[PDB]
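Trainee: Shown below is the structure under consideration.
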Amino acid sequence: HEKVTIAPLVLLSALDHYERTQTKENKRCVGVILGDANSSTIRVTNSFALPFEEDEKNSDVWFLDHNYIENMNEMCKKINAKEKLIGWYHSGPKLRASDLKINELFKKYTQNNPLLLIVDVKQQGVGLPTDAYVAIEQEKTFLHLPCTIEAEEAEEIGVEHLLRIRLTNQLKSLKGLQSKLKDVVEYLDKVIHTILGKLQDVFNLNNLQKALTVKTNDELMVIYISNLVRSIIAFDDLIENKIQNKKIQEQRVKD
Amino acid sequence: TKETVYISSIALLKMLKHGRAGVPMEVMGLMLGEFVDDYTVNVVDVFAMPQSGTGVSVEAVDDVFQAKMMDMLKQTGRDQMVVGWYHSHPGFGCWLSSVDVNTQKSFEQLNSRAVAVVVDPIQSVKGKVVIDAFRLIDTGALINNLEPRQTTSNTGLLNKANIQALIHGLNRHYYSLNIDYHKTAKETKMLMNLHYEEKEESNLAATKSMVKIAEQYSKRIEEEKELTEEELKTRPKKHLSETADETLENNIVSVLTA
Amino acid sequence: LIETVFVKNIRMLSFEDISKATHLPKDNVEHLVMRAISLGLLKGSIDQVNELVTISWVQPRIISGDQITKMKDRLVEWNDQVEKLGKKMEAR
Amino acid sequence: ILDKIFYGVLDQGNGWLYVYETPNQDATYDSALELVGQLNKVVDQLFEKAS
Amino acid sequence: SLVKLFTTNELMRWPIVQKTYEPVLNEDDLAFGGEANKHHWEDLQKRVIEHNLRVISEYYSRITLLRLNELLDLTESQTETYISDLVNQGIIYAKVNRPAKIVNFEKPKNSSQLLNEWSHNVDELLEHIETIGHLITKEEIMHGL
C-alpha cells in the first residue's frame, strides 16, 4: 500500500500546540497539515493549529471556523505554492466518534483523499506514538499506514542541534499483546467480529515454528562459521598493533 | 558585553525550514515572544512574511497582510507581541548590509524592541546552527550611552568586520548578541521517536537477505581473500578491518531473527 | 474433521477418516475435496500413495465463542515467554 | 558418471538408477579453507618481522 | 465453463464430450473453415492431457502409476510419454519412481527456500497483529457507546 512520511517540524509543532494553548479539562486541539498526497509516499511539510470546541456529553455539537482555512491558503500561496491541504491531525491517540463528521468539513476543500493524522501528546506509548489513518469506502473505514520521518537537511539538522535493537523490539511486542488481552476480557463482560476473524489466523500461521527447526539450524551454524573466520581476522589487527607498539618501544629506548 | 537570547525549540525548525526551502532571494519572517528587562530576549513563535522579488526592501513589508494575520494568532493562543524579524543570508556569514540596516531603521519608530536575526540555513547543516541576532534600542536603561547586557560569558564577537568594529561606542543600529535555546523534559522526548512498527521493518532487511544469504557471505569472504593477499605483498589493515566490521554486525542481526 | 484432528501442529487427515463421514470410497474423496481446494477454501492437498491428506489454514472458521476462552490463555503463554526471554536479555 | 557429464549412481544387483546428483554449497568449506590458508601465511610473517 | 474447469479438471466428462459433442472441434465454419478430423484432434488430446498434468504438479504430491492410467486413460508406456515431454520443455517438474510405481510431483526445496517462506510468515503475522491492533480502537466506539 501507500506510505506516510512526516518531517519533525510537523511532529514537534503538533506536540507544542497543547502547552501553548493551555488545553485542559480533557479537550482536543485540531490542526491542519499541508503536503502532497498524490504520490505513493505522503510527505507533510507544513502544519497549523485551528480553534476547536466540542461538547463532551453531546457528540452532535461541533464547531470549526472556516476563516482560518481561507486565511492560511492565501498566506501559503504567497510563500510556498507547492503546499496544499492534505488533511488534519488530532491531539490524542484514542479515536472518537466525530472523525466521520470532521471528514465531511474538509472534503470540499481537499482535492484528494483526506488524510487522518493521529498524534499522541502524552507519549505514553513505545516507539513512535504518531498514527496515520486513511478514510476510504467500507459506511466508511479508516485504513492505517506506517508513519516514518523525513530525511532531509532542512529538518533533521535542527533536530541534531536541539538534542546535541531486539531488546527494544521485544518491549514493543509486549505492547501489542497487552492490547489483545484487555480486548478479550472486556468483550466477555459485555456479552456474558473483525478481531476474531484475524485472531485465529495468527495462531495457525510459536508452536508451529518447531517443525522447521531441523532446517533452521542449517543456516544458524553458517553464522558461527562466518564468525569463526571473523574472530581469526581480529587477531591480525591486534597482533599487528602489538608489533607496531613493539617497534615504538625500540624507538624510545634508542632516543 | 554579552547577552543571552532564549529561543524556543519550535522556532528553530520553522526559521530553518523557511530559509532553507528557497536557496536564493534571502527570505524573511517575523517573530513573537516576550522580554525580561533589557538583558533577556525570549522568542516563542515566529511568523512567515510573504515572498517578494525585492530582496528584503522597504517595499517588501505589507502592513495590510501583517495586521490581518496577527488578529487570528491572538485567538490561537498567542498573546505575545512582535519581538523582531529574521533574515536569511545564504552562502555568507552573519552580517548586515546597507539595505538591511536601512530597512531595520524603519521599524525603530514602531517597536523599539524589535530584533533583527541573521540566520544561515545553508552553512548550518554541519550540526551546529549558525545564527545571530541584532536588537534595536528601546533604552530606559540607556538614554544616551550606558552599559547594558549583563551576564557576559560563553561565545565571543565573531560576525565579520564592521559589526565588531564599534560595540560600546555606537550601540544604536548594530551590536553583537548570542543565541540560546530553552528546552523542557517533555520537549526532549518529542525528538526521541526516531528509534512493533519498527520491529516489522527490522525483519524486512533479513527477509530479502534469506534468498541471498549464500551470495551475501560469499561476496564478503572472497573480498577478504583479496585483502589478505594485500598484506602478503606489503613486506591493508584499514581496508581489512572495515570490511570485517560490516560482516560482524550482519551476523548478529541474523541471530536476532531466531 | 479438520477441527477434530487438530491438536497442535497436525491437521493431517487420512482416507479412512473421510470415508466414514462421507460414506464414499477413496476415489470420491480426492474428487470432492480437490474441488473445494481449487475454489480457495483450503491450501492443502491430498496424497494418494501414503493415504494422507495435508490441510492448511484458510477458512476463517466463523461462529466463534468456543475458542475465545481457549485462545485467551494461549495469548498469556505468548505474553509470558516474551516477558521471560525479555528480562534475560536485559541482564545478559 | 565418471566423466561428470551427468551425476548418477547405478545398481547392479536390482538394476536401478538411484537418486544421486545434488548441487554444492559455497562460502562454507572451500571459501573458508582458502581464507584460513592465506591467513596462516600472514601469521608466519608476523613472528618473522617481530624479531 | 471449460475455462473454470482447468484447475478442477477430473477428466470425467472430457472423454465424453470428445466422443459426442464436437460443434467447434471437428467442424469449423466462421474461423478456420475445417480441414480434417485428424488435424484438429491431433493437438486436442495433447492439451487435455496437459490440463491434468499441470494440476497434479501444483496439487498432488505423488500419484501411483496405476492411478494415472485411470485418469489420463492411457497405458504404462503412453502415460510417461506426455509426462517426460513436459519435463524437457521446462513446464512440469516431476520425478517418476518406477520401483514404487509412483511419480513424485513435489518439487525439492533447499534449506534456504524453506527458511525464506518462514521469514514471510513472520512478517505476515506482524501484519495481522498490526491489523488487529487498529481494530481495537476503531471498534471501541461501539463498545464505549
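To be explicit about the labels: the chains of the C-alpha cells are called A, B, and onward in the order shown, and within each one the residues are counted from 1, while ligands get numbers from 1 in the order they are shown.
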Within 10 Å of chain B, which residues of chain E are there when counting only C-alpha atoms? Please give them as a PyMOL selection string.

Mentor: chain E and resi 112-127+129-130

Trainee: Can you tell me, as a list in words, what residues are no more than 12 Å from residue 68 (chain C) when counting only C-alpha atoms, ignoring any on the same chain fewer than 2 positions away?

Mentor: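 Listing them by chain and then by number gives residues 180, 181, 183, 184, 185, 187, 188, 193, 195, 196, 197, 199 and 200 of chain A; 62, 63, 64, 65, 66, 70, 71, 72, 73, 74 and 75 of chain C.
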
Trainee: Show me, as a list in words, the residues of chain D whose atoms get within 12 Å of chain E, using only C-alpha atoms for the distance check.

Mentor: residues 14, 15, 16, 17, 18, 19, 22, 23, 24 and 25 of chain D

Trainee: Keeping C-alpha atoms for every residue in the selection just given, could you write it to a file as a PDB file, in the first residue's frame?

Mentor:
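That gives us part22.pdb:
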ATOM      1  CA  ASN D  14      18.479 -54.786  -8.666  1.00  0.00           C
ATOM      2  CA  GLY D  15      19.141 -52.934 -11.935  1.00  0.00           C
ATOM      3  CA  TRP D  16      18.027 -49.427 -10.962  1.00  0.00           C
ATOM      4  CA  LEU D  17      19.253 -45.825 -11.057  1.00  0.00           C
ATOM      5  CA  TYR D  18      19.238 -44.306  -7.571  1.00  0.00           C
ATOM      6  CA  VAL D  19      18.969 -40.582  -6.878  1.00  0.00           C
ATOM      7  CA  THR D  22      22.859 -32.838  -5.888  1.00  0.00           C
ATOM      8  CA  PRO D  23      24.288 -29.301  -6.076  1.00  0.00           C
ATOM      9  CA  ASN D  24      27.101 -27.909  -3.915  1.00  0.00           C
ATOM     10  CA  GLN D  25      27.306 -25.102  -1.356  1.00  0.00           C
TER      11      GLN D  25
END

Trainee: Hey, what's within 9 Å of residue 140 (chain A) if we count only C-alpha atoms and toss same-chain stuff fewer than 4 positions away? As a ChimeraX atom specification, please?

Mentor: /A:100,135-136

Trainee: Only N, CA, C and O atoms, please: the residues just picked out, written as a JSON list (two decimals), in the first residue's frame.

Mentor:
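What follows is the written file result-v1.json:
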[["chain", "number", "residue", "atom", "x", "y", "z"],
["A", 100, "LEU", "N", -15.91, 11.00, 11.57],
["A", 100, "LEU", "CA", -16.70, 10.97, 10.35],
["A", 100, "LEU", "C", -17.33, 12.33, 10.04],
["A", 100, "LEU", "O", -17.52, 12.66, 8.86],
["A", 135, "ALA", "N", -9.14, 7.40, 5.34],
["A", 135, "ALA", "CA", -10.57, 7.12, 5.29],
["A", 135, "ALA", "C", -10.96, 6.76, 3.86],
["A", 135, "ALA", "O", -10.80, 7.57, 2.94],
["A", 136, "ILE", "N", -11.48, 5.55, 3.68],
["A", 136, "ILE", "CA", -11.94, 5.06, 2.39],
["A", 136, "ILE", "C", -13.34, 4.47, 2.56],
["A", 136, "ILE", "O", -13.92, 4.50, 3.64]]

Trainee: Find the residues of chain B that sit at most 8 Å from chain A; for each, write down the nearest two atoms and how far apart they are in Å, to one decimal. Count only C-alpha atoms. Sort by chain, then by number going up, and give it as a Markdown table.

Mentor:
| residue | atom | partner | partner_atom | distance |
| --- | --- | --- | --- | --- |
| B:9 | CA | A:162 | CA | 7.1 |
| B:10 | CA | A:13 | CA | 6.7 |
| B:12 | CA | A:158 | CA | 6.9 |
| B:13 | CA | A:158 | CA | 5.9 |
| B:14 | CA | A:9 | CA | 7.0 |
| B:16 | CA | A:154 | CA | 6.5 |
| B:17 | CA | A:154 | CA | 5.4 |
| B:20 | CA | A:154 | CA | 6.0 |
| B:21 | CA | A:154 | CA | 7.5 |
| B:49 | CA | A:79 | CA | 7.7 |
| B:50 | CA | A:79 | CA | 5.3 |
| B:51 | CA | A:79 | CA | 5.2 |
| B:69 | CA | A:71 | CA | 7.9 |
| B:72 | CA | A:68 | CA | 7.7 |
| B:75 | CA | A:51 | CA | 7.6 |
| B:76 | CA | A:51 | CA | 6.2 |
| B:77 | CA | A:21 | CA | 4.9 |
| B:78 | CA | A:20 | CA | 7.7 |
| B:121 | CA | A:154 | CA | 7.8 |
| B:124 | CA | A:157 | CA | 7.9 |
| B:125 | CA | A:157 | CA | 5.8 |
| B:126 | CA | A:157 | CA | 7.6 |
| B:127 | CA | A:161 | CA | 5.8 |
| B:128 | CA | A:161 | CA | 5.9 |
| B:129 | CA | A:161 | CA | 6.8 |
| B:181 | CA | A:162 | CA | 7.9 |
| B:188 | CA | A:163 | CA | 7.2 |
| B:190 | CA | A:12 | CA | 6.5 |
| B:191 | CA | A:159 | CA | 6.9 |
| B:193 | CA | A:128 | CA | 5.1 |
| B:194 | CA | A:128 | CA | 7.1 |
| B:195 | CA | A:127 | CA | 6.2 |
| B:196 | CA | A:172 | CA | 4.9 |
| B:197 | CA | A:146 | CA | 7.2 |
| B:198 | CA | A:169 | CA | 7.4 |
| B:199 | CA | A:169 | CA | 5.2 |
| B:217 | CA | A:226 | CA | 7.6 |
| B:237 | CA | A:237 | CA | 6.8 |
| B:241 | CA | A:237 | CA | 7.4 |
| B:244 | CA | A:230 | CA | 6.6 |
| B:247 | CA | A:230 | CA | 7.7 |
| B:248 | CA | A:230 | CA | 6.9 |
| B:251 | CA | A:223 | CA | 5.7 |
| B:254 | CA | A:223 | CA | 7.9 |
| B:255 | CA | A:220 | CA | 7.5 |
| B:256 | CA | A:166 | CA | 6.5 |

Trainee: Identify all residues of chain E in strand (DSSP E) (DSSP on the backbone) and supply them as a PyMOL selection string.

Mentor: chain E and resi 62-64+95-97+102-104

Trainee: Sort by chain and increasing residue number a table of all residues of chain B within 12 Å of chain D, each with its closest pair of atoms and their distance in Å to one decimal, counting only C-alpha atoms, and write it as JSON lines.

Mentor:
{"residue": "B:212", "atom": "CA", "partner": "D:27", "partner_atom": "CA", "distance": 11.9}
{"residue": "B:213", "atom": "CA", "partner": "D:27", "partner_atom": "CA", "distance": 9.8}
{"residue": "B:214", "atom": "CA", "partner": "D:27", "partner_atom": "CA", "distance": 6.9}
{"residue": "B:215", "atom": "CA", "partner": "D:27", "partner_atom": "CA", "distance": 8.2}
{"residue": "B:216", "atom": "CA", "partner": "D:27", "partner_atom": "CA", "distance": 9.2}
{"residue": "B:217", "atom": "CA", "partner": "D:27", "partner_atom": "CA", "distance": 6.3}
{"residue": "B:218", "atom": "CA", "partner": "D:27", "partner_atom": "CA", "distance": 4.9}
{"residue": "B:219", "atom": "CA", "partner": "D:27", "partner_atom": "CA", "distance": 8.6}
{"residue": "B:220", "atom": "CA", "partner": "D:27", "partner_atom": "CA", "distance": 9.1}
{"residue": "B:221", "atom": "CA", "partner": "D:31", "partner_atom": "CA", "distance": 6.7}
{"residue": "B:222", "atom": "CA", "partner": "D:31", "partner_atom": "CA", "distance": 7.2}
{"residue": "B:223", "atom": "CA", "partner": "D:35", "partner_atom": "CA", "distance": 10.1}
{"residue": "B:224", "atom": "CA", "partner": "D:35", "partner_atom": "CA", "distance": 7.6}
{"residue": "B:225", "atom": "CA", "partner": "D:35", "partner_atom": "CA", "distance": 5.8}
{"residue": "B:226", "atom": "CA", "partner": "D:35", "partner_atom": "CA", "distance": 9.4}
{"residue": "B:227", "atom": "CA", "partner": "D:38", "partner_atom": "CA", "distance": 10.2}
{"residue": "B:228", "atom": "CA", "partner": "D:38", "partner_atom": "CA", "distance": 6.7}
{"residue": "B:229", "atom": "CA", "partner": "D:38", "partner_atom": "CA", "distance": 7.2}
{"residue": "B:230", "atom": "CA", "partner": "D:42", "partner_atom": "CA", "distance": 10.2}
{"residue": "B:231", "atom": "CA", "partner": "D:42", "partner_atom": "CA", "distance": 7.4}
{"residue": "B:232", "atom": "CA", "partner": "D:42", "partner_atom": "CA", "distance": 6.5}
{"residue": "B:233", "atom": "CA", "partner": "D:42", "partner_atom": "CA", "distance": 10.3}
{"residue": "B:234", "atom": "CA", "partner": "D:45", "partner_atom": "CA", "distance": 10.5}
{"residue": "B:235", "atom": "CA", "partner": "D:45", "partner_atom": "CA", "distance": 8.7}
{"residue": "B:237", "atom": "CA", "partner": "D:42", "partner_atom": "CA", "distance": 11.8}

Trainee: Go ahead and write the residues just picked, C-alpha atoms, as an mmCIF file, in the first residue's frame.

Mentor:
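Ended up saving to selection_28.cif:
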data_model
loop_
_atom_site.group_PDB
_atom_site.id
_atom_site.type_symbol
_atom_site.label_atom_id
_atom_site.label_comp_id
_atom_site.auth_asym_id
_atom_site.auth_seq_id
_atom_site.Cartn_x
_atom_site.Cartn_y
_atom_site.Cartn_z
ATOM 1 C CA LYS B 212 20.941 -14.080 -0.965
ATOM 2 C CA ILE B 213 22.348 -15.477 2.314
ATOM 3 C CA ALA B 214 24.541 -17.758 0.202
ATOM 4 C CA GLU B 215 25.585 -14.915 -2.115
ATOM 5 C CA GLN B 216 25.921 -12.357 0.700
ATOM 6 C CA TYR B 217 28.509 -14.288 2.718
ATOM 7 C CA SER B 218 30.265 -15.433 -0.468
ATOM 8 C CA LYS B 219 30.987 -11.891 -1.668
ATOM 9 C CA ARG B 220 32.313 -10.959 1.783
ATOM 10 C CA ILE B 221 34.660 -13.944 2.119
ATOM 11 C CA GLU B 222 36.004 -13.544 -1.423
ATOM 12 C CA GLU B 223 36.585 -9.854 -0.678
ATOM 13 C CA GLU B 224 38.571 -10.758 2.445
ATOM 14 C CA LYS B 225 40.676 -13.185 0.388
ATOM 15 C CA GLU B 226 41.889 -10.368 -1.870
ATOM 16 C CA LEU B 227 42.555 -8.097 1.117
ATOM 17 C CA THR B 228 44.586 -10.871 2.763
ATOM 18 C CA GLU B 229 46.946 -11.132 -0.219
ATOM 19 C CA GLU B 230 47.475 -7.360 0.003
ATOM 20 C CA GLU B 231 49.276 -7.721 3.341
ATOM 21 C CA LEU B 232 51.397 -10.566 1.943
ATOM 22 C CA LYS B 233 52.852 -8.247 -0.720
ATOM 23 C CA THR B 234 53.456 -5.407 1.758
ATOM 24 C CA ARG B 235 56.798 -6.729 3.028
ATOM 25 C CA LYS B 237 44.840 -3.344 7.668
#

Trainee: Can you list, as a compact mmCIF listing (two decimals) with C-alpha atoms, in the first residue's frame, every protein, DNA or RNA residue that comes within 10 Å of residue 166 (chain B) when you count only C-alpha atoms, leaving out same-chain residues fewer than 5 positions away?

Mentor:
# COMPACT_ATOMS: atom_id res chain seq x y z
CA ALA B 161 34.11 43.04 10.05
CA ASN B 171 25.27 50.54 20.07
CA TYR B 174 24.00 47.33 15.40
CA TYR B 175 25.72 45.35 18.13
CA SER B 176 26.64 41.71 18.63

Trainee: Check the DSSP output for the backbone and give back, as a PyMOL selection string, the residues of chain E in alpha helix (DSSP H).

Mentor: chain E and resi 5-8+14-18+37-40+44-58+65-71+76-88+111-143

Trainee: Find, counting only C-alpha atoms, the residue in C:29, C:85, C:53, C:91 that gets nearest to residue 5 (chain C).

Mentor: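 Checking each of C:29, C:85, C:53, C:91 against residue 5 (chain C), counting only C-alpha atoms, the winner is C:53.
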
Trainee: Set the distance at 7 Å and use only C-alpha atoms: which residues neighbour residue 7 (chain D) once local chain neighbours fewer than 4 positions away are removed? I'd like the list as a list in words.

Mentor: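 Within the cut-off, the hits are residues 1, 20 and 21 of chain D.
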
Trainee: Take CA of residue 243 (chain A) and CA of residue 243 (chain B) and report the distance between them in Å, one decimal.

Mentor: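 Taking CA of residue 243 (chain A) and CA of residue 243 (chain B), their separation equals 22.0 Å.
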
Trainee: May I ask for the distance between CA of residue 92 (chain B) and CA of residue 115 (chain B), given in Å to one decimal place?

Mentor: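 We find that CA of residue 92 (chain B) and CA of residue 115 (chain B) lie 19.8 Å from each other.
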
Trainee: Set the cut-off to 7 Å and count only C-alpha atoms: what are the residues of chain E that reach chain A? Output as a list in words.

Mentor: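 Listing them in order of chain and number gives residues 111, 115, 121, 125, 128, 132, 133, 135, 136, 137, 138 and 141 of chain E.
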
Trainee: Take the selection from the previous step and output its residues with C-alpha atoms, as an mmCIF file, in the first residue's frame.

Mentor:
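again_16.cif, freshly written:
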data_model
loop_
_atom_site.group_PDB
_atom_site.id
_atom_site.type_symbol
_atom_site.label_atom_id
_atom_site.label_comp_id
_atom_site.auth_asym_id
_atom_site.auth_seq_id
_atom_site.Cartn_x
_atom_site.Cartn_y
_atom_site.Cartn_z
ATOM 1 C CA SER E 111 17.314 -25.223 3.208
ATOM 2 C CA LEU E 115 13.637 -20.523 5.690
ATOM 3 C CA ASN E 121 5.283 -15.921 7.603
ATOM 4 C CA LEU E 125 1.877 -12.457 11.428
ATOM 5 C CA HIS E 128 -2.284 -9.459 11.221
ATOM 6 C CA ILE E 132 -5.918 -6.316 14.974
ATOM 7 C CA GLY E 133 -4.117 -3.509 16.802
ATOM 8 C CA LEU E 135 -9.350 -2.670 15.031
ATOM 9 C CA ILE E 136 -9.478 -2.479 18.839
ATOM 10 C CA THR E 137 -9.541 1.326 18.886
ATOM 11 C CA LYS E 138 -11.866 1.530 15.872
ATOM 12 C CA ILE E 141 -16.505 3.488 19.722
#

Trainee: Identify which of the residues C:33, C:41, C:13, C:89 lies closest to chain A, counting only C-alpha atoms when measuring atom-to-atom distances.

Mentor: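 Closest to chain A, using only C-alpha atoms: C:89.
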
Trainee: Show which residues sit within 9 Å of region 78-93 of chain E, as a list in words. Count only C-alpha atoms, and ignore same-chain residues fewer than 5 positions away.

Mentor: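 Returned residues: residues 46, 49, 50, 53, 54, 57, 65, 68, 69, 72, 73, 104, 105, 106 and 107 of chain E.
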